[PDB]
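The file structure21.cif comes next; it holds mmCIF, N, CA, C and O atoms.
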data_data
loop_
_atom_site.label_atom_id
_atom_site.label_comp_id
_atom_site.auth_asym_id
_atom_site.auth_seq_id
_atom_site.Cartn_x
_atom_site.Cartn_y
_atom_site.Cartn_z
N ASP S 225 -8.55 29.91 -22.54
CA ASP S 225 -8.30 29.13 -21.34
C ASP S 225 -6.95 28.50 -21.31
O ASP S 225 -6.72 27.47 -21.89
N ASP S 226 -6.05 29.13 -20.59
CA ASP S 226 -4.74 28.59 -20.45
C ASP S 226 -4.78 27.21 -19.76
O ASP S 226 -4.06 26.34 -20.13
N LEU S 227 -5.62 27.06 -18.76
CA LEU S 227 -5.77 25.80 -18.05
C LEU S 227 -6.29 24.64 -18.93
O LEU S 227 -5.78 23.57 -18.86
N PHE S 228 -7.28 24.90 -19.77
CA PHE S 228 -7.85 23.82 -20.59
C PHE S 228 -6.82 23.37 -21.63
O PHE S 228 -6.75 22.17 -21.93
N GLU S 229 -6.07 24.36 -22.13
CA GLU S 229 -5.02 24.21 -23.11
C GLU S 229 -3.85 23.39 -22.58
O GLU S 229 -3.29 22.52 -23.29
N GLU S 230 -3.44 23.69 -21.36
CA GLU S 230 -2.37 22.94 -20.71
C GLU S 230 -2.86 21.49 -20.43
O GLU S 230 -2.13 20.55 -20.60
N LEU S 231 -4.05 21.32 -19.88
CA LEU S 231 -4.62 20.00 -19.76
C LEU S 231 -4.57 19.20 -21.06
O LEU S 231 -4.22 18.03 -21.08
N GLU S 232 -4.99 19.84 -22.15
CA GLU S 232 -5.07 19.16 -23.39
C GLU S 232 -3.68 18.78 -23.89
O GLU S 232 -3.52 17.71 -24.37
N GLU S 233 -2.70 19.64 -23.77
CA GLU S 233 -1.34 19.30 -24.16
C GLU S 233 -0.82 18.09 -23.29
O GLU S 233 -0.19 17.14 -23.80
N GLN S 234 -1.04 18.16 -21.97
CA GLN S 234 -0.65 17.04 -21.12
C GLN S 234 -1.29 15.69 -21.52
O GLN S 234 -0.66 14.62 -21.48
N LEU S 235 -2.57 15.73 -21.82
CA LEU S 235 -3.29 14.55 -22.21
C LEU S 235 -2.81 14.05 -23.60
O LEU S 235 -2.76 12.86 -23.83
N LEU S 236 -2.43 14.98 -24.49
CA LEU S 236 -1.78 14.62 -25.79
C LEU S 236 -0.46 13.90 -25.60
O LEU S 236 -0.18 12.86 -26.23
N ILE S 237 0.38 14.44 -24.70
CA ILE S 237 1.64 13.82 -24.31
C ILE S 237 1.39 12.40 -23.76
O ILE S 237 2.06 11.41 -24.15
N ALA S 238 0.42 12.25 -22.89
CA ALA S 238 0.21 10.93 -22.27
C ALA S 238 -0.21 9.99 -23.35
O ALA S 238 0.17 8.84 -23.36
N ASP S 239 -1.09 10.47 -24.20
CA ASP S 239 -1.65 9.62 -25.23
C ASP S 239 -0.56 9.09 -26.17
O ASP S 239 -0.54 7.89 -26.53
N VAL S 240 0.35 9.97 -26.58
CA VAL S 240 1.45 9.57 -27.44
C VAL S 240 2.36 8.57 -26.76
O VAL S 240 2.79 7.59 -27.33
N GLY S 241 2.64 8.83 -25.50
CA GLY S 241 3.54 7.98 -24.71
C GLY S 241 2.94 6.58 -24.49
O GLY S 241 3.62 5.56 -24.72
N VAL S 242 1.68 6.54 -24.12
CA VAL S 242 1.00 5.30 -23.92
C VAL S 242 0.80 4.50 -25.21
O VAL S 242 0.95 3.31 -25.19
N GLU S 243 0.36 5.14 -26.29
CA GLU S 243 0.25 4.44 -27.55
C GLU S 243 1.59 3.96 -28.06
O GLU S 243 1.69 2.89 -28.68
N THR S 244 2.62 4.78 -27.93
CA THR S 244 3.95 4.29 -28.31
C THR S 244 4.36 3.01 -27.52
O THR S 244 4.81 2.04 -28.09
N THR S 245 4.16 3.04 -26.21
CA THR S 245 4.49 1.91 -25.31
C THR S 245 3.70 0.63 -25.77
O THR S 245 4.27 -0.46 -25.86
N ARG S 246 2.40 0.81 -26.02
CA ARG S 246 1.56 -0.30 -26.41
C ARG S 246 2.09 -0.91 -27.73
O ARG S 246 2.13 -2.16 -27.91
N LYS S 247 2.39 -0.04 -28.67
CA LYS S 247 2.79 -0.47 -30.00
C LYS S 247 4.12 -1.26 -29.91
O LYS S 247 4.25 -2.39 -30.44
N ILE S 248 5.10 -0.72 -29.17
CA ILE S 248 6.40 -1.37 -29.07
C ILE S 248 6.30 -2.73 -28.35
O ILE S 248 6.84 -3.74 -28.81
N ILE S 249 5.62 -2.73 -27.21
CA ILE S 249 5.53 -3.93 -26.40
C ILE S 249 4.71 -5.01 -27.15
O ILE S 249 5.05 -6.17 -27.10
N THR S 250 3.67 -4.60 -27.85
CA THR S 250 2.93 -5.50 -28.73
C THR S 250 3.81 -6.12 -29.82
O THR S 250 3.77 -7.33 -30.04
N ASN S 251 4.57 -5.32 -30.51
CA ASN S 251 5.46 -5.80 -31.55
C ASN S 251 6.44 -6.74 -30.95
O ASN S 251 6.69 -7.77 -31.51
N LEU S 252 7.00 -6.39 -29.83
CA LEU S 252 8.05 -7.26 -29.21
C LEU S 252 7.46 -8.59 -28.71
O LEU S 252 8.06 -9.61 -28.91
N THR S 253 6.24 -8.56 -28.17
CA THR S 253 5.56 -9.75 -27.71
C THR S 253 5.28 -10.70 -28.89
O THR S 253 5.58 -11.88 -28.80
N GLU S 254 4.80 -10.13 -30.01
CA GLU S 254 4.54 -10.88 -31.23
C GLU S 254 5.83 -11.49 -31.75
O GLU S 254 5.89 -12.70 -32.02
N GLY S 255 6.88 -10.67 -31.84
CA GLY S 255 8.21 -11.13 -32.16
C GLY S 255 8.69 -12.34 -31.40
O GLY S 255 9.19 -13.29 -32.00
N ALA S 256 8.55 -12.27 -30.09
CA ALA S 256 8.87 -13.36 -29.20
C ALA S 256 8.09 -14.65 -29.53
O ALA S 256 8.71 -15.75 -29.63
N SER S 257 6.77 -14.51 -29.69
CA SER S 257 5.94 -15.65 -30.05
C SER S 257 6.40 -16.24 -31.34
O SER S 257 6.44 -17.44 -31.42
N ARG S 258 6.71 -15.42 -32.36
CA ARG S 258 7.08 -15.95 -33.67
C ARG S 258 8.39 -16.72 -33.60
O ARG S 258 8.54 -17.80 -34.24
N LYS S 259 9.31 -16.26 -32.76
CA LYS S 259 10.51 -17.03 -32.49
C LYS S 259 10.19 -18.39 -31.82
O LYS S 259 10.76 -19.42 -32.18
N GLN S 260 9.27 -18.41 -30.88
CA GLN S 260 8.90 -19.65 -30.21
C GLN S 260 8.34 -20.60 -31.27
O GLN S 260 8.69 -21.79 -31.28
N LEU S 261 7.49 -20.08 -32.16
CA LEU S 261 6.85 -20.92 -33.14
C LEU S 261 7.85 -21.50 -34.09
O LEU S 261 7.76 -22.68 -34.43
N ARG S 262 8.78 -20.67 -34.54
CA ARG S 262 9.83 -21.08 -35.40
C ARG S 262 10.66 -22.18 -34.74
O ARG S 262 10.95 -23.17 -35.42
N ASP S 263 11.06 -22.02 -33.47
CA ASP S 263 11.90 -23.01 -32.76
C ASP S 263 11.15 -24.37 -32.63
O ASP S 263 11.70 -25.46 -32.89
N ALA S 264 9.87 -24.27 -32.25
CA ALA S 264 9.02 -25.46 -32.14
C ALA S 264 8.89 -26.17 -33.48
O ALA S 264 8.91 -27.39 -33.53
N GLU S 265 8.74 -25.42 -34.56
CA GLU S 265 8.58 -26.03 -35.85
C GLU S 265 9.88 -26.72 -36.22
O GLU S 265 9.85 -27.83 -36.72
N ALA S 266 11.04 -26.11 -35.92
CA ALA S 266 12.36 -26.72 -36.19
C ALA S 266 12.56 -27.99 -35.41
O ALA S 266 12.96 -29.04 -35.98
N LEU S 267 12.25 -27.95 -34.13
CA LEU S 267 12.34 -29.15 -33.32
C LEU S 267 11.41 -30.28 -33.83
O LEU S 267 11.85 -31.42 -33.94
N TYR S 268 10.16 -29.95 -34.17
CA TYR S 268 9.20 -30.93 -34.75
C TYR S 268 9.74 -31.60 -36.03
O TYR S 268 9.77 -32.80 -36.16
N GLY S 269 10.23 -30.79 -36.94
CA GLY S 269 10.84 -31.32 -38.18
C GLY S 269 11.97 -32.32 -37.89
O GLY S 269 12.02 -33.44 -38.49
N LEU S 270 12.82 -31.95 -36.95
CA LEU S 270 13.97 -32.75 -36.55
C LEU S 270 13.52 -34.07 -35.89
O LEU S 270 14.00 -35.16 -36.22
N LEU S 271 12.66 -33.96 -34.90
CA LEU S 271 12.05 -35.17 -34.31
C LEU S 271 11.37 -36.11 -35.35
O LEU S 271 11.53 -37.31 -35.30
N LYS S 272 10.58 -35.57 -36.25
CA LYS S 272 9.89 -36.35 -37.22
C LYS S 272 10.86 -37.12 -38.16
O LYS S 272 10.67 -38.33 -38.40
N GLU S 273 11.86 -36.40 -38.66
CA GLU S 273 13.04 -36.99 -39.38
C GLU S 273 13.62 -38.12 -38.55
O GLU S 273 13.65 -39.28 -39.00
N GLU S 274 14.00 -37.81 -37.31
CA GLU S 274 14.62 -38.81 -36.47
C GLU S 274 13.76 -40.08 -36.32
O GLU S 274 14.27 -41.22 -36.30
N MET S 275 12.46 -39.89 -36.20
CA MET S 275 11.56 -41.00 -35.98
C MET S 275 11.39 -41.79 -37.26
O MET S 275 11.10 -42.97 -37.18
N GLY S 276 11.46 -41.15 -38.42
CA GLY S 276 11.45 -41.90 -39.67
C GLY S 276 12.44 -43.06 -39.50
O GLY S 276 12.22 -44.14 -39.99
N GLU S 277 13.54 -42.73 -38.83
CA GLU S 277 14.67 -43.52 -38.33
C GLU S 277 15.89 -43.55 -39.18
O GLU S 277 16.68 -42.61 -39.08
#
Before anything else, please render the file you have as structure tokens.
Amino acid sequence: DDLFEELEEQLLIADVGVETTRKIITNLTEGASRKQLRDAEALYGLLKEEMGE
């Protein structure tokens, strides 16, 4: 079946493309959050120091 074969190759292509997109965007989203956490922790440390006076 040339038709079933072509379908399957197309669906393989989509699957790779979609999983790649998910993986990259997930990593980048996590990356972003970890930067936010780091910045917040730096600001907290600085504020706490400052308040010690």
Would you compute the box with edges along x, y and z of the file around stretch 232-238 of chain S, including every atom the file lists for it and 5 Å extra on each side, and give its centre and edge lengths in Å to one decimal, as lines of an AutoDock Vina configuration file?
center_x = -1.5
center_y = 14.3
center_z = -23.7
size_x = 17.1
size_y = 21.0
size_z = 15.1
Report task. Tell me, in Å to one decimal, how far atom N of residue S:244 is from atom N of residue S:232. Result -> 17.8 Å
Query raised in the report: Quick one, how far is atom CA of residue S:230 from atom CA of residue S:243?
Result: 19.9 Å
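Computed from the coordinates, the atom N of residue S:254 to atom N of residue S:273 distance equals 28.5 Å.
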